[PDB]
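There are 4 protein chains.
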Amino acid sequence: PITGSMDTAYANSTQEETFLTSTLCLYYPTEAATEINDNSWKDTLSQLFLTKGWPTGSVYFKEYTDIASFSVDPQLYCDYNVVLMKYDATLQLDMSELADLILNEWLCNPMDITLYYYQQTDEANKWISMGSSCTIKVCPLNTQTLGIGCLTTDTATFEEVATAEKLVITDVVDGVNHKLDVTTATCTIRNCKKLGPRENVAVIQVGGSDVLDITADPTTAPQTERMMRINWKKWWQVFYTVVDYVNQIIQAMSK
Amino acid sequence: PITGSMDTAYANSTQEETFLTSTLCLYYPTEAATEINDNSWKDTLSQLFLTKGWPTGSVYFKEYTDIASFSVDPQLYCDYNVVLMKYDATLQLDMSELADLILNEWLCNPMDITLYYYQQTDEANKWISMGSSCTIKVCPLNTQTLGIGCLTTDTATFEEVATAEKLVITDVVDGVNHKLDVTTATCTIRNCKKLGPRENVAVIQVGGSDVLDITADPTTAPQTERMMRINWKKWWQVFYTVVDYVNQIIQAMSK
Amino acid sequence: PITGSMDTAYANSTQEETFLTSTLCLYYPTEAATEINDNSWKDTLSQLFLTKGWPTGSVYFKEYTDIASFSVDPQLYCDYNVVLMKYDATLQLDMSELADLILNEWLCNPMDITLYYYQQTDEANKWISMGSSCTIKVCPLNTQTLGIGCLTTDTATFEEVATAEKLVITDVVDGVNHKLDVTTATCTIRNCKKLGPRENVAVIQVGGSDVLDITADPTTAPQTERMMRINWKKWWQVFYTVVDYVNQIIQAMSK
Amino acid sequence: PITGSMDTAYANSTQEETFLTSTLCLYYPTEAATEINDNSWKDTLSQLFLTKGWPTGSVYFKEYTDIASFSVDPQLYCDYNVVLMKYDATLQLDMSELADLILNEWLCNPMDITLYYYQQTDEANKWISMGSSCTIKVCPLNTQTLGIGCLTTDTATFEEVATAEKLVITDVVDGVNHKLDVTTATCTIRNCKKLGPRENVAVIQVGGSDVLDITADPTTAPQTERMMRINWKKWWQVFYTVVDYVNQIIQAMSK
Ligand SMILES: [Ca+2]
Ligand SMILES: [Ca+2]
Ligand SMILES: [Ca+2]
Ligand SMILES: [Ca+2]
Ligand SMILES: [Ca+2]
Ligand SMILES: [Ca+2]
Ligand SMILES: [Ca+2]
Ligand SMILES: [Ca+2]
Numbered sequence: 058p059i060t061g062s063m064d065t066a067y068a069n070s071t072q073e074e075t076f077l078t079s080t081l082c083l084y085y086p087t088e089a090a091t092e093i094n095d096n097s098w099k100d101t102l103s104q105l106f107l108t109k110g111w112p113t114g115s116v117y118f119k120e121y122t123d124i125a126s127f128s129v130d131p132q133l134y135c136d137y138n139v140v141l142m143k144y145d146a147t148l149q150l151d152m153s154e155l156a157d158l159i160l161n162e163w164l165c166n167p168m169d170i171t172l173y174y175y176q177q178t179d180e181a182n183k184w185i186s187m188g189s190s191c192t193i194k195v196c197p198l199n200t201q202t203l204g205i206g207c208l209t210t211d212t213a214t215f216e217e218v219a220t221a222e223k224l225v226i227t228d229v230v231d232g233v234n235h236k237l238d239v240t241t242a243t244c245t246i247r248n249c250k251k252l253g254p255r256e257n258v259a260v261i262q263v264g265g266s267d268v269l270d271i272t273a274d275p276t277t278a279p280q281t282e283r284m285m286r287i288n289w290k291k292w293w294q295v296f297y298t299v300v301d302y303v304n305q306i307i308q309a310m311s312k
Numbered sequence: 058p059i060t061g062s063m064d065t066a067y068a069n070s071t072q073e074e075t076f077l078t079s080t081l082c083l084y085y086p087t088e089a090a091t092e093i094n095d096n097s098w099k100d101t102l103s104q105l106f107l108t109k110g111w112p113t114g115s116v117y118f119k120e121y122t123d124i125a126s127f128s129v130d131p132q133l134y135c136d137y138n139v140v141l142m143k144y145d146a147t148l149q150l151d152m153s154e155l156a157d158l159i160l161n162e163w164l165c166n167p168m169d170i171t172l173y174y175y176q177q178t179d180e181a182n183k184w185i186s187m188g189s190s191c192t193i194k195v196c197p198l199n200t201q202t203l204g205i206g207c208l209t210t211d212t213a214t215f216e217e218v219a220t221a222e223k224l225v226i227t228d229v230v231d232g233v234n235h236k237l238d239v240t241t242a243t244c245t246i247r248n249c250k251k252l253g254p255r256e257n258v259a260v261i262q263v264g265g266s267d268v269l270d271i272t273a274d275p276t277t278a279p280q281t282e283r284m285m286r287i288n289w290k291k292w293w294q295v296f297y298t299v300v301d302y303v304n305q306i307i308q309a310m311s312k
Numbered sequence: 058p059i060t061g062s063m064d065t066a067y068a069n070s071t072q073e074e075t076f077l078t079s080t081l082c083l084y085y086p087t088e089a090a091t092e093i094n095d096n097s098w099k100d101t102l103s104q105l106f107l108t109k110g111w112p113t114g115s116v117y118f119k120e121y122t123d124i125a126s127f128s129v130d131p132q133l134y135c136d137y138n139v140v141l142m143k144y145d146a147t148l149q150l151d152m153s154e155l156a157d158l159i160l161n162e163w164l165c166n167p168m169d170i171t172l173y174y175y176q177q178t179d180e181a182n183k184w185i186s187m188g189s190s191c192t193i194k195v196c197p198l199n200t201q202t203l204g205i206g207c208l209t210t211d212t213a214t215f216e217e218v219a220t221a222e223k224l225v226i227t228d229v230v231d232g233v234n235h236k237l238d239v240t241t242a243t244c245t246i247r248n249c250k251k252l253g254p255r256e257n258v259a260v261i262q263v264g265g266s267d268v269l270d271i272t273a274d275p276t277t278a279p280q281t282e283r284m285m286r287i288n289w290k291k292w293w294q295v296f297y298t299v300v301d302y303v304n305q306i307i308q309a310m311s312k
Numbered sequence: 058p059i060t061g062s063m064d065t066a067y068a069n070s071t072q073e074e075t076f077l078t079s080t081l082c083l084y085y086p087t088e089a090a091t092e093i094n095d096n097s098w099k100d101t102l103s104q105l106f107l108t109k110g111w112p113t114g115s116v117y118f119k120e121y122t123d124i125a126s127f128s129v130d131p132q133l134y135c136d137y138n139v140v141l142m143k144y145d146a147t148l149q150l151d152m153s154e155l156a157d158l159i160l161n162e163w164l165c166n167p168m169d170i171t172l173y174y175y176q177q178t179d180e181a182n183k184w185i186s187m188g189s190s191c192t193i194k195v196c197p198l199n200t201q202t203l204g205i206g207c208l209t210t211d212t213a214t215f216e217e218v219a220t221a222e223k224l225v226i227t228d229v230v231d232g233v234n235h236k237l238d239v240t241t242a243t244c245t246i247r248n249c250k251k252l253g254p255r256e257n258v259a260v261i262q263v264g265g266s267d268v269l270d271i272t273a274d275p276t277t278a279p280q281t282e283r284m285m286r287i288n289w290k291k292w293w294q295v296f297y298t299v300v301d302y303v304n305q306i307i308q309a310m311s312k
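Going line by line, the protein sequences match chains G, H, F and O. For the first sequence, PDB author numbering gives the first residue as 58, with consecutive numbering after it. For the second sequence, PDB author numbering gives the first residue as 58, with consecutive numbering after it. For the third sequence, PDB author numbering gives the first residue as 58, with consecutive numbering after it. For the fourth sequence, PDB author numbering gives the first residue as 58, with consecutive numbering after it.
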């Protein structure tokens with residue numbers, strides 16, 4: 058708690074502290090840069106970024122070459138991250154799972170699939186696994202440690218819920234134990250509790266028509282400010298717009 | 058009328074009367090079950106349904122193999138019906154016409170295309186025809202029982218508004234008589250007045266991106282709670298979610 | 058200013074002045090009419106239009122054969138214009154750029170790409186170019202009239218932002234001068250300031266699923282009443298609906 | 058702020074919350090374990106750890122095989138980390154640079170050596186680079202972007218400040234721009250701001266005589282509690298002591 062008195066003073070600007078003290082990291086796909094075909098595009102855009110008010114050493118340009126790799130290896134480097142995603146219609150869920158991770162605040166612990174069969178607790182306990190090739194088979198346990206539609210002994214009776222993905226947020230019926238069978242060789246599966254959203258990313262979507270259903274349930278559909286959309290023409294245009302509206306995009310994030 | 062006094066008592070639960078006294082019917086497409094590949098999937102899910110609070114003999118599993126057949130033969134068996142529809146982009150309107158029927162409350166009478174040329178009255182009088190192959194040709198009549206752009210005598214001058222569909226909700230300019238030419242051999246066309254919505258279905262949509270325009274007009278777009286959407290991964294996952302959020306889905310329907 | 062006193066007397070109707078004094082212009086694509094296959098469809102619909110209250114000589118039918126040509130040559134002829142656009146997924150942005158032009162109120166001046174390098178001023182200053190084949194390459198100037206990632210001398214170093222389009226609304230980082238290189242032979246590029254919206258069109262969209270992002274930025278998404286959507290079945294049905302709901306559609310425009 | 062009233066109540070124990078809720082991670086070098094020569098040393102010590110009050114699944118044993126690799130790949134896994142370092146006199150600075158990283162709280166951003174010549178701001182802005190082989194050459198710029206004792210064009214005139222290290226905290230004259238030339242192939246260099254110390258590690262030093270100068274300047278010498286020293290005899294003895302005084306060591310860290 059804060060005291061609630063309406064002094065009523067708004068302290069001027071806000072954008073003049075962020076220009077001085079914060080970093081902006083732009084994530085794009087390879088195809089984006091390839092279409093631009095210049096050895097100095099990162100540089101040209103940077104001078105253009107001074108216009109919008111970001112000092113030379115301020116803006117960074119990170120190249121993901123696919124939504125699957127980016128979804129994994131996506132350690133967000135800067136204060137503000139605005140990631141460019143161009144609609145690929147077959148990869149939609151890949152994209153959804155990646156958005157769900159960046160746009161939100163995640164808390165995870167490690168899981169030992171080998172020794173302890175687990176269970177999710179609430180609408181916020183999910184299993185986020187990611188890596189080379191993630192293949193997850195599951196087997197629900199009744200209150201005896203016995204299978205239900207499966208033999209905890211032969212994984213050929215398990216239920217496959219992911220076949221070789223690069224990022225996967227698995228959801229099982231809450232309050233039920235499950236013997237898990239991941240391909241830990243190429244995958245890593247961790248038990249995460251959700252929450253806090255992200256006051257950074259700003260997934261900007263290129264193409265389609267969208268409406269984005271990023272919930273695991275069917276009941277809710279959340280539309281946040283850190284979820285923007287741009288009409289595709291050419292990649293140079295996309296970047297010009299991102300620059301011409303940096304502050305607007307940053308203002309939709311913060312901290 | 059009810060008395061409006063704010064006694065202000067909410068009577069506890071609500072979900073503990075529906076668990077005891079109601080039935081839940083899950084409609085899915087063949088492909089859904091085929092991908093699951095287990096002889097006991099209906100059973101496993103049922104035990105999982107006890108968790109969410111539905112007694113053994115409570116939940117039923119109905120298999121439509123196509124949106125066209127389901128759209129016809131779709132006599133809703135249970136108290137609560139939640140129908141799973143997975144995006145098929147060419148069938149969209151087939152899907153729209155089917156949604157329009159389940160999600161809403163319909164009143165129909167039979168039409169004799171042979172002896173009496175009809176007319177729709179308001180934004181709620183529509184002609185819902187369905188069957189093997191529904192092919193409807195129409196001919197608008199001026200106030201003399203004469204064609205307008207057609208000869209009430211030769212159907213080769215009629216205007217075709219449906220070419221072999223499995224479910225069709227036809228709409229004509231309100232307040233105008235029309236000689237109708239349906240292929241009654243394989244089709245049945247009935248005159249329906251709309252209305253009451255449905256406090257049951259809950260069309261859950263798999264895939265795409267959606268926004269759904271289920272009005273006949275251009276002016277309105279209604280988005281109801283009984284119109285949910287899930288992000289596709291695998292079918293086992295879809296069902297796990299439907300189970301993990303049965304009550305949430307049921308609560309969005311009722312009665 | 059008007060006086061604000063609540064006399065409170067709504068003057069009756071509104072639709073009975075428009076029926077008498079206004080004109081309605083329907084724009085459709087060739088494919089639309091071709092599917093109808095009648096030499097008297099324009100006529101039949103016209104008699105049907107008397108029902109909804111539009112005197113014989115009132116309604117006009119204009120045929121665009123493509124979104125690209127219509128986007129150019131689209132001088133709106135009548136008081137009320139309702140344009141029918143059927144989803145074509147590869148042409149989306151072509152469609153977006155065309156919508157942005159009809160649905161809005163535009164102010165333009167001519168640009169001489171040859172003698173004066175320009176700059177856009179605010180989120181409302183855009184460069185709308187259109188013609189046979191519009192190909193625009195740009196070169197940002199620093200405060201010296203020198204290129205930034207380009208040589209104002211060789212257009213092989215310019216940045217291409219449009220490759221042969223029929224309608225293009227170009228957006229560059231605000232407050233920066235640019236030497237422009239359009240193919241003026243087949244294109245015309247003009248400097249427009251936006252604004253006033255249109256109290257006429259009513260782009261009615263056939264097919265897809267839509268949500269339409271018609272802003273240049275990423276932050277905003279505006280959804281107006283003059284942006285309607287219809288579920289595709291057959292073209293005859295589309296027109297019947299447009300007629301059966303003319304007033305509803307007109308009421309969503311006006312003046 | 059907290060209220061400062063001297064209620065004067067100390068709440069008992071402190072160690073009985075840490076025993077229940079926290080994890081202890083012991084880092085040692087390979088040589089340490091090799092000298093122990095038992096397949097069950099990790100296990101024996103664990104039972105011994107119950108004595109000091111740490112439940113079975115509580116303590117973890119991580120093996121760094123060198124100060125250089127550990128310095129890189131040293132993602133601290135547990136709540137409390139106590140790292141064992143045995144004096145190697147040629148690697149002193151390697152050790153100093155590693156201590157400086159664990160014992161302290163670090164904030165970093167990524168640097169693009171290719172496109173932007175940087176500068177450090179205060180006694181707390183340092184360049185921490187680490188990897189396979191880190192070789193950093195520097196070239197100070199006067200206020201013109203011109204070299205000072207170097208040609209920003211030929212790196213053969215640069216000043217080498219690190220020749221193939223595994224962890225390097227580089228320090229340059231504050232407030233001066235520098236064109237940097239790292240061997241990014243095998244190295245990664247990031248711009249870090251220092252600060253917060255670490256309320257965890259507890260570098261325990263084996264051998265020598267020490268006094269440790271972990272500042273970049275010459276003026277200060279900080280000696281913290283999270284910087285302990287043990288007299289070498291045998292490795293088994295070292296671990297016995299670490300166990301016999303776990304709480305004492307933990308108490309010198311916390312949170
Ligand atoms: Ca199975
Ligand atoms: Ca769950
Ligand atoms: Ca005809
Ligand atoms: Ca009607
Ligand atoms: Ca260029
Ligand atoms: Ca602009
Ligand atoms: Ca030198
Ligand atoms: Ca310094």
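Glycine included, each C-beta is placed from N, C-alpha and C at the ideal position.
Query: Supposed close pair O/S186, O/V225 - CB separation, criterion 8 Å; Result: 5 Å
Query: Euclidean distance between Cα positions of H/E73 and F/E282; Result: 44 Å
Query: Closer than 7 Å at the beta carbon, the chain G residues around O/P167; Result: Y117 and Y134
Query: Reduced DSSP secondary structure (H/G/I, E/B, other) of O/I306; Result: helix
Query: Three-state secondary structure assigned by DSSP to G/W111; Result: coil
Query: Limits of the alpha helix (DSSP H) - the one that H/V299 falls within; Result: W292 to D301
Query: Nearest-angstrom beta carbon gap, H/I159 and H/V260 [assumed within contact, 8 Å]; Result: 7 Å
Query: H/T87: first and last residue of the uninterrupted alpha helix (DSSP H) it sits in; Result: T87 to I93
Query: For O/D123, the nearest candidate out of O/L133, O/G114, O/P112 and O/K143 (CA to CA); Result: O/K143
Query: Separation of O/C82 from O/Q305, as counted between CA atoms; Result: 15 Å
Query: Chain-order list of residues whose beta-carbon lies under 7 Å from that of O/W293 (same chain, five-residue window excluded); Result: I93
Query: Buried versus exposed, by CB contacts within 10 Å (16 or more), H/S189; Result: exposed
Query: Identity of the residue in G/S311, G/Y302 and G/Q308 nearest F/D179 by Cα; Result: G/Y302
Query: H/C165 beta carbon less than 8 Å from that of H/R247; Result: yes
Query: Closer than 7 Å: G/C249 CB and nearest ligand 7 heavy atom; Result: no
Query: Closest residue to H/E222 among H/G232, H/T240 and H/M168 (Cα-Cα distance); Result: H/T240
Query: Residue 398 of chain G Cβ short of 7 Å to ligand 1 heavy atom set; Result: Absent from the structure is residue 398 of chain G, since the part of chain G shown begins at 58 and ends at 312.
Query: Contact check, H/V195 vs H/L150, beta carbons under 8 Å; Result: no
Query: Partner residues on chain H for F/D100, Cβ-Cβ distance less than 7 Å; Result: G206
Query: Coarse secondary structure for O/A259, derived from DSSP in three states; Result: coil
Query: C-alpha distance - H/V295 paired with G/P275, whole-angstrom precision; Result: 10 Å
Query: H/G232: contacting residues in chain F (beta-carbon distance under 8 Å); Result: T108
Query: Simplified DSSP assignment, three categories, for H/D151; Result: helix
Query: Residues within the stretch 241-272 of chain G neighbouring chain H, beta-carbon criterion of under 9 Å; Result: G265, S266, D267, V268, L269, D270, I271 and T272
Query: F/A181, buried or exposed, once every other Cβ within 10 Å from all chains shown has been counted against 16; Result: exposed
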